[PDB]
Amino acid sequence: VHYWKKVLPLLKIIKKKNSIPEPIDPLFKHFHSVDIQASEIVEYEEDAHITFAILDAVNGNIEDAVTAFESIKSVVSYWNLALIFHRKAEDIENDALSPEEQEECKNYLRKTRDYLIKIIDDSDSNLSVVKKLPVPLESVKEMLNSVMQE
Amino acid sequence: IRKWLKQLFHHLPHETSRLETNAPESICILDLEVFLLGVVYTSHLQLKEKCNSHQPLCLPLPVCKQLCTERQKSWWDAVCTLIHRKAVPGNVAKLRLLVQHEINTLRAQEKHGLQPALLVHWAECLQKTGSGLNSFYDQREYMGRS
Amino acid sequence: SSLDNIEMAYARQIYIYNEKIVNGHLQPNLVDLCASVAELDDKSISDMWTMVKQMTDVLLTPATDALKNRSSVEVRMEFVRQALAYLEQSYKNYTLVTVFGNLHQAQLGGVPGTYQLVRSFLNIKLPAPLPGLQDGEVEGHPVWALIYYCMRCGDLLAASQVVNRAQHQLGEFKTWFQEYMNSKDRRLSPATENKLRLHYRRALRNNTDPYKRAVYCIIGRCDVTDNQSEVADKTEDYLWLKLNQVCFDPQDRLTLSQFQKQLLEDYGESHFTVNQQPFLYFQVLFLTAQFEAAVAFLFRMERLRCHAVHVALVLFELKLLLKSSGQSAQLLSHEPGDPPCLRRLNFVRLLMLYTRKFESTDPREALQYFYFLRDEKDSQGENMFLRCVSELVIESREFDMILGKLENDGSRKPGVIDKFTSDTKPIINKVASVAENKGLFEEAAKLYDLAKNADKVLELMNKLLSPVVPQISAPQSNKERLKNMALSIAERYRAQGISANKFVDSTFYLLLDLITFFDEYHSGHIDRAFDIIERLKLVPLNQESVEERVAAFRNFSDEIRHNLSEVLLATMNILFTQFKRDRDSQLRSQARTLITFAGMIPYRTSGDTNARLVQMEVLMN
């Protein structure tokens, strides 16, 4: 997130096709071979917004993390959405507690199952998506087996 | 007690997200749990004072008279009728306000009619109530209020 | 004072509302506290607050999020009813002033029944009979005119009475209307609603009686595109005509979201402000639940800033205003992860603008408005109210008034901020911190001393004293004005047993002794001044003490080592004078001691000083 927060100001200037202030004796040689282009800007802004959401989730701002994750239909956002929906279910799933709450708890586990299935459905169909998986495919399937046996 | 209230007001959240206001749509099982504690802590002391002027445990339920103040009873009857959806469209606004009046006390807000001993009793009674819970959600809530 | 008559009166009302919350009292009705001033102005403003109260007087869910209340179909439905009840009553007052010249005039004779009023209203607005009316008359007026203006005034009963005296003429309309009056939410049953709509659409789509057309699709909520411009010629008549046509869950149907968006998107301010009448547009936005739009809009009229800020506060103290999370956004915006039909108000900026106007010479009133920001923070974590008080003190430089003046006797008369929070230690350091960063040490000391932060008070007091240690203390000089404050800080720090770490503290009382050493030296009290320097054990006078005194100089504050040059010379010049007045051996021995000390000490102007010291010792012999 830190490095992202430092780039986005640059990307915005690059987004309007302006010039970046070149460095003074840089430590890591600059190259125009990999200079960022407008074609890729919106992607980074998106990929960054994921990284923001992930940290928000890890810190506790689940409401804002989910709100962000759901906004973009990405394979990685599924694994995050699924991973955090599963945790809200598992903890509340077996202790004595309000029955109405228990139904809401199960409902989250139902969402987990769905998102993992969307991952595998889109994964098996296309190879490019297999490479975007934030974790290995077999790991995603591993959770699903346990998710449904729950 | 927390299990009693779950048996009465089903799917009433333990703690309401919108704790900022005292509107009685934000009533929570904690508020009720905090309420009954005072009702009993208050009732016990009142009866203790009575017999001192004149066993209190020994009275059976029908024989004994009202053990709570009509104020407290009015509140419970109101929030009950409201939650269970057996209020009256006309009286909705009145019932709603009757509940609202006491919320600020159950949450120790502006001008709470709370003796320090009753607050402490609420605090520890919730800590130990929460410290024995298994889940984190419930632990956090009860510890927070405490 | 930068506050106009109206703005000032509002400030006082907001002080009350703050005094109540600052003393824990009952949360009074803010909307009522604002309408209290409105009556002091023209009715253009009073009728606004009347709308504000009635549009906000909806049963809410206390302690619930703002966005949730405003998204719930439950609340969105009651808004439409509260507005319709305002448009109906508002029109009813128009009908009174139309018949009687003054509201007072109508009241003395007695407000007549809505039926007889409407009848006495038709007499004027249609003196001659229109040839296109239908279904005859009733007691001298067309039956459909009476029904419409009765429904427009909001008295369905008065309208139903009209129907009862024309049962034969109106046909099946009786059983339909009697159902509309019974069913809540001004809606009929789908079956009966279908029966009348198809009948109207069948052969009455274009009838020569406009009042008949209006009533039918007000009862059936049909022909939403036809604005019935024959009868609804005013703007309020349009709003009321449509809010009686909105629906809730595909053809010939309009919903509040479509209507509210359709109005301002297609027909923006431009359409509703061509007559240079601002409230007309405000009423359009406010009576459609678009409170943020109406607030920002009305906040731009430089003559109505006061009113738009407060109608924002009311919506804010009622958990109805939709605040903008980010403080970097514009005044009005739609969050990216929200539906497009709702808008958000950058409430923080809103108050920040209003305040800058009268924050310069009216601080007290500014704080009252800054308090509403107590519940918000910024990206850096500071409490918005606390930060606003820091910025307001840095700019206004009103320390005694806002922070409480700490007199030189040990008292702390509380300031205006003391009312709002009892933890005033951070901001006093914040304000003291910047003034310290701006080389305003004499102030930063007074401020740090106000918060009883002796670590910083004595630190700064060390810097202000060292330059002035050897100087001549003369009336009104910078020495007197600093020495006298340092002593007023020495007493109050001893009587109250306060002290910083020994490094800062030792140096502070050491300088005070030296300042006394030169004040006695410059006065010619040689004997008295010699005694002081001897106590301090700073300069050796017997050869045995040279080793230890030399080691001590290494770890003494540089604010002391700086003035070592002047101390040695004064002490020497002291012995020097006493010599010209056994004792001779004793002075001679001490003279030597000072030299060897100075010889082993590397210090300021050691060149000129070490030379002069040696010369003065030679003249002694």
# chains A, B, ... in the order shown; residues from 1 in each chain; ligands from 1
call {"tool": "interface_residues", "arguments": {"of": "chain A", "to": "chain B", "cutoff": "7 Å", "atoms": "only C-alpha atoms", "output": "VMD selection string"}}
result
chain A and resid 91 to 92 98 100 to 101
call {"tool": "write_last_selection", "arguments": {"atoms": "N, CA and C atoms", "output": "JSON list (two decimals), in the first residue's frame"}}
result
[["chain", "number", "residue", "atom", "x", "y", "z"],
["A", 91, "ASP", "N", -16.49, -18.75, 13.01],
["A", 91, "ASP", "CA", -16.45, -18.44, 14.44],
["A", 91, "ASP", "C", -17.82, -18.55, 15.08],
["A", 92, "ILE", "N", -18.85, -18.02, 14.42],
["A", 92, "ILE", "CA", -20.21, -18.00, 14.95],
["A", 92, "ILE", "C", -20.99, -19.28, 14.65],
["A", 98, "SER", "N", -28.29, -16.78, 19.40],
["A", 98, "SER", "CA", -29.62, -16.52, 18.87],
["A", 98, "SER", "C", -29.84, -17.30, 17.57],
["A", 100, "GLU", "N", -31.86, -16.80, 15.05],
["A", 100, "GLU", "CA", -31.88, -15.88, 13.92],
["A", 100, "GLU", "C", -30.47, -15.52, 13.49],
["A", 101, "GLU", "N", -29.59, -15.24, 14.44],
["A", 101, "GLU", "CA", -28.20, -14.96, 14.09],
["A", 101, "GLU", "C", -27.55, -16.16, 13.42]]
call {"tool": "interface_residues", "arguments": {"of": "chain A", "to": "chain C", "cutoff": "9 Å", "atoms": "only C-alpha atoms", "output": "list in words"}}
result
residues 67, 68 and 71 of chain A
call {"tool": "residues_around", "arguments": {"residues": "residue 36 in chain A", "least_positions_apart": "2", "cutoff": "12 Å", "atoms": "only C-alpha atoms", "output": "list in words"}}
result
residues 7, 8, 10, 11, 12, 13, 14, 15, 17, 18, 19, 20, 30, 31, 32, 33, 34, 38, 39, 40, 41, 42, 43 and 44 of chain A
call {"tool": "write_last_selection", "arguments": {"atoms": "C-alpha atoms", "output": "mmCIF file, in the first residue's frame"}}
result
data_model
loop_
_atom_site.group_PDB
_atom_site.id
_atom_site.type_symbol
_atom_site.label_atom_id
_atom_site.label_comp_id
_atom_site.auth_asym_id
_atom_site.auth_seq_id
_atom_site.Cartn_x
_atom_site.Cartn_y
_atom_site.Cartn_z
ATOM 1 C CA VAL A 7 2.919 5.891 -7.380
ATOM 2 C CA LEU A 8 -0.680 7.019 -7.847
ATOM 3 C CA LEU A 10 2.766 9.932 -10.615
ATOM 4 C CA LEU A 11 0.253 7.819 -12.543
ATOM 5 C CA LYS A 12 -2.270 10.671 -12.454
ATOM 6 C CA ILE A 13 0.234 13.039 -14.071
ATOM 7 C CA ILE A 14 1.112 10.238 -16.494
ATOM 8 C CA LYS A 15 -2.607 9.607 -17.041
ATOM 9 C CA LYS A 17 0.190 12.488 -20.825
ATOM 10 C CA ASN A 18 2.608 14.785 -19.016
ATOM 11 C CA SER A 19 6.307 14.419 -18.180
ATOM 12 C CA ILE A 20 7.764 12.853 -15.038
ATOM 13 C CA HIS A 30 15.508 4.434 -15.346
ATOM 14 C CA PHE A 31 14.404 2.922 -18.653
ATOM 15 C CA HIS A 32 11.956 4.013 -21.327
ATOM 16 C CA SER A 33 11.629 0.311 -22.189
ATOM 17 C CA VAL A 34 9.140 -0.086 -19.325
ATOM 18 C CA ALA A 38 -1.955 5.237 -20.376
ATOM 19 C CA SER A 39 -3.106 1.838 -21.666
ATOM 20 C CA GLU A 40 -2.104 0.294 -18.317
ATOM 21 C CA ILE A 41 -2.970 3.124 -15.906
ATOM 22 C CA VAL A 42 -6.586 2.200 -15.149
ATOM 23 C CA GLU A 43 -5.436 -1.361 -14.425
ATOM 24 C CA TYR A 44 -2.899 -0.265 -11.818
#
call {"tool": "interface_residues", "arguments": {"of": "chain B", "to": "chain C", "cutoff": "9 Å", "atoms": "only C-alpha atoms", "output": "count of residues only"}}
result
18
call {"tool": "residues_around", "arguments": {"residues": "residue 65 in chain A", "least_positions_apart": "5", "cutoff": "9 Å", "atoms": "only C-alpha atoms", "output": "ChimeraX atom specification"}}
result
/A:50,52-57,60,70,81
call {"tool": "write_last_selection", "arguments": {"atoms": "N, CA and C atoms", "output": "CSV table (one decimal), in the first residue's frame"}}
result
chain,number,residue,atom,x,y,z
A,50,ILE,N,-7.4,-2.8,-5.0
A,50,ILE,CA,-7.5,-4.2,-4.3
A,50,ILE,C,-6.5,-4.2,-3.1
A,52,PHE,N,-5.3,-1.8,-1.4
A,52,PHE,CA,-5.9,-1.0,-0.3
A,52,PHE,C,-7.0,-1.8,0.4
A,53,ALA,N,-7.9,-2.4,-0.3
A,53,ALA,CA,-9.0,-3.2,0.4
A,53,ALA,C,-8.4,-4.3,1.2
A,54,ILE,N,-7.4,-5.0,0.7
A,54,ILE,CA,-6.9,-6.1,1.4
A,54,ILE,C,-6.3,-5.7,2.8
A,55,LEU,N,-5.6,-4.5,2.8
A,55,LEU,CA,-5.1,-4.0,4.0
A,55,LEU,C,-6.2,-3.6,4.9
A,56,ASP,N,-7.3,-2.9,4.4
A,56,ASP,CA,-8.4,-2.5,5.1
A,56,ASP,C,-9.0,-3.8,5.8
A,57,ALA,N,-9.1,-4.9,5.1
A,57,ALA,CA,-9.7,-6.1,5.7
A,57,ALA,C,-8.8,-6.6,6.8
A,60,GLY,N,-9.3,-4.4,9.9
A,60,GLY,CA,-10.6,-4.5,10.5
A,60,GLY,C,-11.7,-3.7,9.9
A,70,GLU,N,-16.2,-6.0,-3.8
A,70,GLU,CA,-17.4,-6.3,-4.6
A,70,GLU,C,-17.5,-5.3,-5.8
A,81,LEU,N,-13.0,-11.9,-0.8
A,81,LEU,CA,-14.3,-11.9,-0.4
A,81,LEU,C,-14.7,-13.3,0.3
call {"tool": "atom_distance", "arguments": {"atom1": "CA of residue 553 in chain C", "atom2": "CA of residue 598 in chain C"}}
result
10.8 Å
call {"tool": "atom_distance", "arguments": {"atom1": "CA of residue 7 in chain C", "atom2": "CA of residue 264 in chain C"}}
result
29.4 Å
call {"tool": "atom_distance", "arguments": {"atom1": "CA of residue 67 in chain B", "atom2": "CA of residue 50 in chain B"}}
result
11.6 Å
call {"tool": "closest_residue", "arguments": {"among": "A:113, A:49, A:131, A:125", "to": "residue 64 in chain A", "atoms": "only C-alpha atoms"}}
result
A:49
call {"tool": "closest_atom_pairs", "arguments": {"of": "range 23-96 of chain B", "to": "range 118-123 of chain B", "cutoff": "9 Å", "atoms": "only C-alpha atoms", "output": "JSON lines"}}
result
{"residue": "B:34", "atom": "CA", "partner": "B:122", "partner_atom": "CA", "distance": 6.7}
{"residue": "B:37", "atom": "CA", "partner": "B:122", "partner_atom": "CA", "distance": 7.2}
{"residue": "B:38", "atom": "CA", "partner": "B:118", "partner_atom": "CA", "distance": 6.8}
{"residue": "B:41", "atom": "CA", "partner": "B:118", "partner_atom": "CA", "distance": 7.4}
{"residue": "B:42", "atom": "CA", "partner": "B:118", "partner_atom": "CA", "distance": 8.5}
